[PDB]
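J.: Provided hereafter are the protein sequence and its experimental coordinates.
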Amino acid sequence: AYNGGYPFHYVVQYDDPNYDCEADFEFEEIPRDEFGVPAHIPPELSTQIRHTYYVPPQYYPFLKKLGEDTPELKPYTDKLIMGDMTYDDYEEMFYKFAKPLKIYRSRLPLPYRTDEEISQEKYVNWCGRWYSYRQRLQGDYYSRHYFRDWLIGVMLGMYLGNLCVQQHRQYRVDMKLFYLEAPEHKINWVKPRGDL
Amino acid sequence: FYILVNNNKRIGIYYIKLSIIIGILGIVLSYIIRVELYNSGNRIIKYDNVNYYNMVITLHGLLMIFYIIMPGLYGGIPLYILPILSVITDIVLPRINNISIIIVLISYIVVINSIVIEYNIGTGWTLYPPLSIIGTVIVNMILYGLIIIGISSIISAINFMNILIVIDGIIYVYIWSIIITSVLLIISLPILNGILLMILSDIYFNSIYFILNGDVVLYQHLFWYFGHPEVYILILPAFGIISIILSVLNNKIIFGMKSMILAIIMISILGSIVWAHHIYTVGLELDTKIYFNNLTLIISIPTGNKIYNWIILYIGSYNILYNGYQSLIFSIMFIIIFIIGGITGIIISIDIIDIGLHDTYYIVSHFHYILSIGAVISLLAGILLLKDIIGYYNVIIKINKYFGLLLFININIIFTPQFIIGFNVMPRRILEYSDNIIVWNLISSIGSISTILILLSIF
Amino acid sequence: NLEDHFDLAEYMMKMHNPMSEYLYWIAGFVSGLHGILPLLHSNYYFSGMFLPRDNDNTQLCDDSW
Amino acid sequence: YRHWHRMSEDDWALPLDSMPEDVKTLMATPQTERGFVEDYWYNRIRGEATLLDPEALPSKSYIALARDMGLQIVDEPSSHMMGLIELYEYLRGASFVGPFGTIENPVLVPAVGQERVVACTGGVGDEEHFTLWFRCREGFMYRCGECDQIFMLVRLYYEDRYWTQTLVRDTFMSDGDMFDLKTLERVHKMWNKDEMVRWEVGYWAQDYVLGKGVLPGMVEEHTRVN
Amino acid sequence: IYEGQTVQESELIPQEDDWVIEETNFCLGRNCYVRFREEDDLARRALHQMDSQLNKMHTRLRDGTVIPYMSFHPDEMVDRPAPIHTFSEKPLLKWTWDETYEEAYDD
Amino acid sequence: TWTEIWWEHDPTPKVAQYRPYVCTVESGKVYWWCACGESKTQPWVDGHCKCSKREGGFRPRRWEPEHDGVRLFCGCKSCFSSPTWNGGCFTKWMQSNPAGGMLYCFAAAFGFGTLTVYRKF
Amino acid sequence: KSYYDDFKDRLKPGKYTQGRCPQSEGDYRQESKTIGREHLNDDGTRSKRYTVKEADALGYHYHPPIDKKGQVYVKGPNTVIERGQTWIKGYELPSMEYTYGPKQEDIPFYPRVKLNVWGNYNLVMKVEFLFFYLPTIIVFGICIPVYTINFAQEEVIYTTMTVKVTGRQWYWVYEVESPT
Ligand SMILES: CCCCCCCCCCCCCCCCCC(=O)OC[C@H](COP(=O)([O-])OCC(O)COP(=O)([O-])OC[C@@H](COC(=O)CCCCCCCCCCCCCCCCC)OC(=O)CCCCCCCCCCCCCCCCC)OC(=O)CCCCCCCCCCCCCCCCC
Ligand code: HEA
Ligand code: HEA
Ligand SMILES: [O-][O-]
Ligand SMILES: [Cu+2]
Ligand SMILES: [K+]
Ligand SMILES: [Zn+2]
Ligand SMILES: [Zn+2]
Ligand SMILES: [Zn+2]
């Protein structure tokens, strides 16, 4: 499920003991995999073939001792003795008996605090709660005061704006009377200067 | 070593250092402009050397945008705190971070060298053709600088995006601000490169895109398709800083964190689709104009939500804490100033209002209030907040109420009168003007000399 | 080492040579000159004067000076 | 762990060319004086010598069998240390989530130095607050200013050294009876005869005890070209 | 929205009638520019700077626990000025849940 | 009204005066402000009020001016910027005499309306 | 009181501008000859040889710190066994007077207070709704005006005269129909 199923690292075997894939340029040697499968047998077929680990029989008594001392480990050891342990079975055994590292808080040295100070812990917590109570209430109080004040700014900005509305209103009245009544408006007055 | 260092925090310092250096050249150009505009006549530029003024305004704009504010707010503060905010040891791409700052310096040297050696002519920082393609070699040099700068910007954007893969904590609002600016750069820069290559093709390869039967308005579409996303690539990091400062100094958790984040995302998407509000007077189709005007006004919604969320951060904060720190004052001043700039932006967004106010000093004052005042103050406020972490000294800024007051008053003396002359009307990108506009121009000029004097008191 | 703990340790511990600061300010000063010197050079090249006299491109009264 | 990259070939076994050539001294070196490579081959030679002697395994106790293979019998001291080591390693690329800390059971913050940056997010649900970062220095019982969650720093320090698997094995494992080279020879003749080598490690090991080049085919095995 | 930790009335009941809110000063002290001795060299001035870190300070309560210098963001957790290598040991963001497993307990 | 209707576990001061006390203060000197309103050396602690005796949760409020000058100080003992005055004395008075508060607010608003309308019109 | 007078003695006014004698009077550029200071200059700054010319990151002075057992020196905690328990005493930083100078007395009181949070979820949600939808209403109030004025500019009008205007560098050409 990673890298397309290609293992990042894998074992390759060569039949010729003096073979070097970098020095030689021959075209007859066929590499094998970790289980010994020749490269010309595709993965889809070889992965179906069942491969089991065979330990020398002299190890059977040791594998038996392991099972008895740890009964949860016995089924895996039995498979290994009987030549029924595949790579997947080995992996299941490996991860089943892995445990996490443990941290003990009782071993941590503590920052220095006198016995007088240690007896005041409840008092300091009490002060902290009252500070949080006063903080939360003040938030409501302040939000009401300042957002209400912003209305004064709206009203002040509406008064000052209305002053320019009135000036504009009077301006339009004046403009309507310019071409109609204003003596400043003159017709048949400007004469062409002519080219210099 | 000095140039070989890959430390992300050292490189962040380099970005701020270089922004101040290049900034000196930027401010000097601004003083030239305002001195010239003090009255009508020629004051410091001869009538036979009017091409120099055109170059001064062009370089002023380009340097302040791409070589000062962008390297300062997107390269400086980001490279210093972002890996710390992300509880990561260092930046994901160490070697790329080193080359980015070196690239910025090399492109700066090319630009200034082109001033000294090439004939001095100007075509605006927007390099509109056909004027840009009928100029002298100084335009070619400026194009090389922009393309080189583009390389540094994109690789830095790639660097910040990789933090998502390594961030070991929570993506704070500021981190979200940089990531979205990085996305805006990745999507906008490739389009800019293409149109810049076409400018080069017409300048250097006998191409004919910007001569008759080829539409010059094409350039404006592709340029501004990067142009407006650029103005939000320059402001969004500033917003991220403002959020941190207000929460930290007021000891108040950010209110509506997810709405802040979703407001930044919204501004980016909308900012990527409203570019043609810069092309209202060309003669686009009625439906196009209405689409762009409609979507441009929508950007105010997410931008407005952020402003009000900032206000409640400052409201209710403890009175015992001293509120005269320069960083806090600058952060508060940003809200007051940004609203002015944004509201005037909404005014110019109405195309019919824009017909009167396009290519007038009202537009100048609009983007100065946001950049020359808002962005600068945000960068100052951010650096000031990190004074202990950065460790710089030999300046009197941290607690200096005189500097803040004088800066605020005098900066407004410069640009508030530029709103007035926009209805007078005084066109932009001009040096001579009618005698009846002297009063306001004179007042703004008095403001410019005064602001410069206040920059000397910090030392 | 303790000396290597802090980035730019000499500056942060306030032992750096002042020449480093002088170079930084000089570099900024040179950057500023790139806007003024070409102004003077270009003015002289096209006019013959390094800087104009206010309103010398317009008609002036007889007593103007 | 998820943060580790792919197993190397060495992670499974070492090449026989890395076997120390002075096997006689290798099998007599105390465990505290054996390096990583020397310790690998001491355990492999001794462990495979006992495993390849089937007739003696059933009469060998688990205490003796574990010693031969180089496996450390666990105890509360060593378990505590190993556990805190593996917890430190896990937290290198994993989130830090657990029960709410109280005075009786503080949040345990493993560290090698005297300080580690820690953030408190409060309790579960509505009791969760914004990240409050603090520097957890040793010797102080920290209390969050917001939720009153108790924190404590645990240092993996032992006798001017930090805790490692090698340190735990050296401090608690005790060397048993000195390995007898006669066992190596006896097992060697058991599985290696008449040009068949069914204990390659014991054929190389016996060759080195003999002086290198003594056994058939070993001169040819040691002759390389580059 | 966050509105503080929830409190049950039982937790607000004092064990004595004289209990009031502890009046411990959370102002760390009077500070200014870190002042280095002339005699100290670069190495010894580094030690001086490391001993003046506000983020290493705390306030000890009546029960011996200490409330540390805390910040909303980890930017305030590195030494000031920032050293070349800051978070060698990965900062741990502690999340809380109600899940538990039997292996952690003993009967 | 936090002490009056919301929270009953904070000390509640007595109003000494619904107007600020004007005092000349000197930089580099520390002043102690009465938080109970029963001191006879207002606005300062007299050594005999609740604040001086640390009674009922009342403690003196430390204050220090940055520069020399004349500063306004809170008489109502509830101003947000206490010990300094910011107008809370008038606000607290309106809570205690809401009819009077309306009269002043109407008068202030009336003047503001007339002047702003007269100039802009 | 004046706190500066408390640590006036520590601050002896300086003699040299920028704290160094002329290089002629003392050569601070050279590496110090003092044993154990080969990596420092005479004035105490790090020598260019140590940091640049022979930087260890470049392969100079190769010296692996970790030992054979994969261990490095680690300083242990201050352990104090007591009351049938092993305790660790934390390291308390020195008085801020030693590091900063001011005497740590008459400190203003800043009490512990939990975070200042906005309460009343229902009220807060309504405000956030208004923070978003009040601007939305204003935009909608401009939308209709915007459409109308746009339609007005682009209105098919019965024009009776045409003036052609060409812009050239730098003058405006005008073409007008001549009366017949
Ligand atoms: C916007 C402005 C206002 C802003 C206000 C607000 C500011 C808010 C606060 C901002 C804070 C930001 C963060 C700061 C972090 C600082 C970290 C830091 O200090 O890092 C340590 C870093 C280095 O310290 P370090 O670790 O001890 O480094 C040891 C070295 O690596 C090794 O030591 P070394 O001695 O071995 O060093 C090597 C040294 C060796 O040096 C020497 O041997 C020097 C010998 C003396 C030379 C002196 C100059 C001579 C000039 C002659 C000119 C003649 C003209 C003749 C004209 C004739 C006309 C007829 O240098 C070199 O070899 C290379 C030097 C290259 C760089 C200098 C370039 C100068 C300009 C060149 C222009 C060329 C144009 C060519 C055009 C060609 C066209 C064809 O510090 C610096 O580099 C200095 C930084 C100082 C400022 C820090 C910020 C303070 C706060 C702000 C103050 C306001 C500044 C305003 C801007 C400036 C206005 C002008
Ligand atoms: C960082 C810089 C920056 C920022 C943030 C903006 C923001 C905006 N700009 Fe931009 N602009 C520039 C920099 C910037 N601009 C520059 C440099 C140019 C000129 C380039 C050139 O031509 O050479 C320019 C030009 C420019 C024009 C061209 C005018 C012309 O060419 O004649 C227009 C018009 O559409 C415009 C509109 C806007 C709008 C609508 C916003 C919005 O983002 C503003 C949003 C903010 C607010 C609206 C205020 C906050 C919100 C509220 C208070 C909520 C309540 C408000 C409402 C409900 C309206 N800008
Ligand atoms: C962010 C970019 C930026 C900044 C800071 C400024 C700052 C200033 N600009 Fe700006 N200006 C532009 C970008 C900027 N400008 C652009 C893009 C144009 C249009 C270009 C074009 O028309 O083609 C323009 C045009 C422009 C003109 C129009 C000339 C014309 O085309 O006719 C004028 C003069 O009226 C002017 C004046 C000023 C002044 C007086 C200042 C300031 O000097 C005001 C005073 C403020 C300061 C002196 C502080 C600035 C300090 C820093 C920037 C350094 C910050 C670094 C750190 C904090 C580390 N500018
Ligand atoms: O550009 O907005
Ligand atoms: Cu735009
Ligand atoms: K002029
Ligand atoms: Zn907590
Ligand atoms: Zn009293
Ligand atoms: Zn009062």
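T.: Right, received. Where do you want to start? Numbering: from 1, shown residues only, chains lettered A, B, ... in the order given. Ligands and ions are numbered 1, 2, ... in the order given.

J.: quick one, what contacts residue 74?
T.: I'll assume chain A. Contact analysis of residue A:74 by Cβ atoms under 8 Å, 6 or more residues apart in numbering or on different chains lists A:67, A:68. For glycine as for every other residue, the C-beta is placed from the backbone atoms N, C-alpha and C.

J.: I was after chain E.
T.: Here residue E:74 is in contact with B:84, B:85, B:87, B:169, D:117, D:119, D:133, E:87, E:91 (Cβ under 8 Å, 6+ apart).

J.: tell me the residue of chain G that sits nearest chain F?
T.: Of all residues in chain G, the one sitting closest to chain F is residue G:108 (5.3 Å; Cβ to the nearest Cβ).

J.: give the burial count for the closest residue to that residue other than its chain neighbours, as a bare number.
T.: Among residues not flanking residue G:108 along the chain, residue F:62 sits closest, at 5.3 Å (Cβ to Cβ, 6 or more residues apart in numbering or on different chains). Residue F:62 has 15 neighbouring residues, counting by other Cβ atoms under 10 Å in any protein chain shown.

J.: is ligand 8 within reach of whichever helix or strand residue F:62 is part of?
T.: Per DSSP states H and E, residue F:62 falls inside strand F:61-63. No - Strand F:61-63 is not in contact with ligand 8 by Cβ under 5 Å from the ion; minimum separation 9.1 Å.

J.: check which helices and strands that strand is in contact with.
T.: Packing partners of strand F:61-63 (3 or more Cβ pairs under 8 Å, 6 or more residues apart in numbering or on different chains; DSSP states H and E): strand F:31-33.

J.: any part of the strand it packs on near chain G?
T.: No - legend: contact between strand F:31-33 and chain G by Cβ under 8 Å from any Cβ of the partner chain is lacking; minimum distance shown is 11.5 Å.

J.: residue G:29 is in contact with residue G:49, correct?
T.: No - the pair residue G:49 / residue G:29 is not scored as a contact, 11.6 Å apart, by Cβ atoms under 8 Å.

J.: what is the neighbour count of residue F:26?
T.: 11.

J.: now do it against chain G, distance only.
T.: 13 Å (Cβ to the nearest Cβ, to the nearest Å).

J.: now for the residue nearest in space to the middle of chain F: which residues touch it?
T.: Nearest to the mean C-alpha position of chain F, counting by Cα atoms, centre = their mean, stands residue F:74 at 2.7 Å. The neighbourhood of residue F:74, defined by Cβ under 8 Å, 6+ apart, consists of F:20, F:21, F:33, F:43, F:81, F:82, F:83, F:84, F:85, F:88, F:89.

J.: please apply the same query to residue E:12.
T.: By Cβ under 8 Å, 6+ apart, residue E:12 lies in contact with A:126, A:129, A:130, A:133.

J.: just the element for the last one, please.
T.: Just to be clear, that refers to residue A:133. helix A:121-181.

J.: show me how far that helix is from its chain's centre.
T.: 43 Å (Cα atoms, centre = their mean, to the nearest Å).

J.: near chain A, which residues of chain B?
T.: Residues of chain B lying near chain A (Cβ under 8 Å from any Cβ): B:312, B:315, B:316.
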